[PDB]
Amino acid sequence: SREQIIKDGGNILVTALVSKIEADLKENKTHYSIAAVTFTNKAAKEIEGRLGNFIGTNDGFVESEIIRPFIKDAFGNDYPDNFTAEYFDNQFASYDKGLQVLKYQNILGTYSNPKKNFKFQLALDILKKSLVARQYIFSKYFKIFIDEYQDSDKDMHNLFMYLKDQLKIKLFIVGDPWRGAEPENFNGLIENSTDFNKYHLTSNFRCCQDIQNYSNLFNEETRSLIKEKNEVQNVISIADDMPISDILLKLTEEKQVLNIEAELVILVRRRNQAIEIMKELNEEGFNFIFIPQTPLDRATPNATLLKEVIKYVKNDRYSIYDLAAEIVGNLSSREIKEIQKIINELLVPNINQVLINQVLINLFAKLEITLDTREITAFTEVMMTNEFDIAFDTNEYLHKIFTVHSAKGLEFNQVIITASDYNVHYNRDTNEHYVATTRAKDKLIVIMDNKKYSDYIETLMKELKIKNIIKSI
């Protein structure tokens with residue numbers, strides 16, 4: 001359930017955040033603050049965006065809230081508090097050597113073993129050795145929010161448990177059952193812990209109740225999740241009794257169930273449908289653009305970073321810092337510039353497959369990340385043509401057409417789909433239909449042009465004694 005989580009004041013495990021922080025901050029009456037910690041600055045910024053508390057990365061939290069302010073009190077004055085964090089060089093094999101590098105080179109470095117986390121070991125050691133540190137953290141925070149917990153390493157887990165068990169801080173933990181990852185942390189809590197309430201959320205939780213309800217109707221497994229409303233507002237059915245341009249005018253100006261001034265996305269199955277639709281719409285005063293599928297639209301491990309590199313290469317106004325926000329950790333501008341220097345070699349005149357291959361190797365080597373050869377192939381293909389450029393564009397486009405595939409993992413405010421694109425009555429297009437119906441946050445329109453689809457909906461409604469699932473206009 002959703003509102004149950006909101007009512008829940010204690011330690012929480014969620015299997016798959018901004019929602020709970022907003023609520024908890026509202027009803028907080030005390031002086032205590034919250035902290036939200038992510039793996040990436042991208043994830044942090046996204047939270048800080050929708051909101052005296054701490055919102056930042058794991059590494060920024062332990063460095064700024066624990067290590068820097070209290071290392072001298074814990075270890076003595078000969079330890080620095082103006083050290084530099086370095087992710088790339090100055091790796092080491094033991095805690096004592098890490099202490100040496102910090103003490104003598106003024107560098108907060110990393111273990112060479114990715115399963116060990118020097119910063120978090122250091123932070124825990126400092127808490128255990130400094131009353132002042134414990135008193136600060138104790139009186140500062142009442143709750144900490146932690147993202148992607150399945151990727152947390154053993155030392156992160158040790159610190160968070162200590163915060164919970166010694167400094168009386170509640171934990172709100174989100175994850176999904178990364179080189180540092182110890183999945184047993186999160187799994188262990190799920191299977192064994194007695195001091196957490198535990199919830200499971202489906203992928204469409206983000207959506208408004210009407211959109212959750214509709215999308216949950218179609219799979220036998222999610223039907224039980226449906227919480228019927230007396231009336232439906234945000235999922236709408238419209239007849240295909242007029243051209244798409246008239247349909248759009250009816251939705252926006254006549255019935256005003258769509259806002260033409262907000263983001264509006266039409267989902268199709270194929271490029272040729274998008275062309276058809278654009279050929280009409282843009283001749284009738286609209287201005288839609290089709291965002292093509294690209295070779296990087298595969299579920300590959302490094303898809304996100306690879307798309308960022310392409311964005312940077314092809315758009316001279318795109319900032320290297322936005323690329324860097326997607327990299328795990330809290331890299332200094334100095335290190336980001338070392339990454340920039342590597343990537344900039346893709347900008348030489350007459351770039352070719354050989355050079356590109358070399359850049360990719362240099363980059364992912366530096367990031368200590370394994371690269372699939374088929375990723376190199378897909379990346380190189382995008383580099384060597386302008387065919388897919390619009391998909392990596394920096395411009396903001398309000399009115400867009402996507403295939404359901406290109407739309408995967410994206411979120412829009414308003415979405416139009418066409419029933420005849422999904423033959424779910426014959427158990428076809430069922431994953432695509434779930435994806436398509438859950439892209440929208442606030443408004444979903446179904447062009448109802450498929451008799452078997454609509455009959456199928458009515459059949460399920462009768463079976464479930466549902467009276468309202470979609471608003472017909």
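All Cβ positions, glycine included, derive from the backbone under ideal geometry; neighbour counts span all protein chains shown. Numbers and lists here come from the model and the stated rules, or from a named source; no laboratory instrument gave them.
Among the residues of the range 11-59, those that are over 24 Å from residue 187 (Cβ atoms) and of a type in the set (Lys, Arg) comprise 26, 29, 42, 45, 50.
Taking only the range 32-66 into account, find how many residues are crowded, with 20+ Cβ neighbours inside 10 Å and either hydroxyl-bearing (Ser, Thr, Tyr) or touching a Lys or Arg at 6+ places or on another chain (Cβ under 7 Å) (or both). Within the range 32-66, residues that are crowded, with 20+ Cβ neighbours inside 10 Å and either hydroxyl-bearing (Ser, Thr, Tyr) or touching a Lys or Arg at 6+ places or on another chain (Cβ under 7 Å) (or both) number 7. Would a scan of the range 414-421 turn up a residue that is surrounded by fewer than 19 Cβ atoms within 10 Å (Cβ to Cβ), in the same structural domain as residue 222 (by TED's automatic domain parsing), closer than 21 Å to residue 244 by Cβ and small (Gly, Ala, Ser)? Scanning the range 414-421 turns up at least one residue that is surrounded by fewer than 19 Cβ atoms within 10 Å (Cβ to Cβ), in the same structural domain as residue 222 (by TED's automatic domain parsing), closer than 21 Å to residue 244 by Cβ and small (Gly, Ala, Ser). Entry remark, the range 353-377: residues being of a type outside the set (A, V, I, L, M) and not in a helix (DSSP H, G or I) number 3 in total.
Checked against (1) surrounded by 21 or more Cβ atoms within 10 Å (Cβ to Cβ); (2) under 25 Å from the mean Cα position of the chain (by Cα); (3) of a type in the set (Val, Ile, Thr), residue 110 meets all criteria but (2).
Among the residues of the range 174-212, those that are loosely packed, with under 14 Cβ neighbours inside 10 Å and under 30 Å from residue 423 (Cβ atoms) comprise 200, 203.
Is it the case, given these coordinates, that residue 331 is buried (at least 20 other Cβ atoms within 10 Å of the Cβ), in contact with an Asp or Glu (Cβ under 7 Å, 6 or more places away or on another chain) and not charged (D, E, K, R)? No; evaluated as a whole, the condition is false for this residue. The condition of being assigned by TED's automatic domain parsing to the domain that holds residue 56, crowded, with 20+ Cβ neighbours inside 10 Å and within 25 Å of residue 47 (Cα to Cα) does not hold for residue 133.
In this structure, does residue 215 turn out to be outside any loop (DSSP other than H, G, I, E, B) and surrounded by fewer than 19 Cβ atoms within 10 Å (Cβ to Cβ)? Here the answer is no, as residue 215 does not meet what is asked.
Quick one: would you say residue 238 is in a helix (DSSP H, G or I), more than 12 Å from residue 414 (Cα to Cα) and either among the aliphatic types (A, V, I, L, M) or not assigned by TED's automatic domain parsing to the domain that holds residue 438 (or both)? Criteria not met by residue 238. Residue 244 meets each of the listed conditions (1) closer than 20 Å to residue 468 by Cα; (2) more than 30 Å from the chain's Cα centre (by Cα); (3) surrounded by 19 or more Cβ atoms within 10 Å (Cβ to Cβ) apart from (1).
Condition check ((1) surrounded by 14 or more Cβ atoms within 10 Å (Cβ to Cβ); (2) in contact with a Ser or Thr (Cβ under 7 Å, 6 or more places away or on another chain); (3) not in a loop (DSSP other than H, G, I, E, B)) across all residues:
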site	(1), (2), (3)
275	no, no, yes
295	yes, no, no
301	no, no, no
316	no, no, no
339	yes, no, yes
351	yes, no, no
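Comparison of 426, 456 shows that the only residue that is assigned by TED's automatic domain parsing to the domain that holds residue 285, loosely packed, with under 15 Cβ neighbours inside 10 Å and of a type in the set (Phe, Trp, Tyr) is 426.
Among the residues of the range 188-241, which ones are within 22 Å of residue 454 (Cβ to Cβ), of a type in the set (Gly, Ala, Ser) and out of contact with any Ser or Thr (no Cβ under 8 Å at 6 or more places or on another chain)? The answer is 239, and nothing else. Residues in the range 67-82 that are closer than 28 Å to residue 149 by Cα and either not assigned by TED's automatic domain parsing to the domain that holds residue 148 or not β-branched (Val, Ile, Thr) (or both) were compared, and the one that is surrounded by the most Cβ atoms within 10 Å (Cβ to Cβ) is 70.
One residue alone among 281, 306 is buried (at least 17 other Cβ atoms within 10 Å of the Cβ) and over 24 Å from residue 398 (Cα atoms), and that residue is 306.
What about residue 47, is it of a type in the set (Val, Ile, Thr), assigned by TED's automatic domain parsing to the domain that holds residue 186 and not in a helix (DSSP H, G or I)? No; evaluated as a whole, the condition is false for this residue.
Taking the range 138-162 as the range and being crowded, with 21+ Cβ neighbours inside 10 Å, of a type outside the set (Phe, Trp, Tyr) and part of a helix (DSSP H, G or I) as the test, the residues that pass are 155, 156, 159. If only residues of the range 318-337 that are hydroxyl-bearing (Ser, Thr, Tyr) and outside any helix (DSSP H, G or I) are counted, the one that is nearest to residue 272 (Cα to Cα) is 318.
Just to be sure, is residue 5 aliphatic (A, V, I, L, M) and assigned to a helix (DSSP H, G or I)? In short, yes. If the condition is being in contact with a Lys or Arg (Cβ under 7 Å, 6 or more places away or on another chain) and more than 15 Å from residue 173 (Cβ to Cβ), then the range 1-17 contributes only 6.
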